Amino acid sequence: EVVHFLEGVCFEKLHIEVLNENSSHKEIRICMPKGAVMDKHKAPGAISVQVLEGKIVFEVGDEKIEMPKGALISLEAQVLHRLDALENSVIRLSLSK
């Protein structure tokens, strides 16, 4: 029932892992090596994206927004977006079911 987003971290590839799931949400960790891109990403429900460590750029619509450690964005359901890592980064993606 406690999950540790900063244990088991790896930057040898882009890693996407569901760390926990309940009836309402999935809690997903993304480990992004510096320079990794996640393009055309779309989740089936509303999400929030938070940088636990590192720094990304996040694109949605015609916007491009830097997200240093601690930054959070929330999106409505099914909105297409892109993540680019500027450093090795650990992201929490919280997905509504």
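All residue numbers refer to positions in the sequence shown, first residue = 1.
- Relative to its counterpart among 58 to 66 and 44 to 52, 58 to 66 has the higher mean temperature factor, C-alpha atoms as listed in the PDB entry.
- Mean CA B-factor, 20 to 28 versus 77 to 85: the higher value falls on 20 to 28.
- Among all modelled residues in its chain, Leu72 ranks in the lowest third by Cα B-factor.
- For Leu95, the recorded CA B-factor ranks within the middle third of the chain. Only modelled residues enter the ranking.
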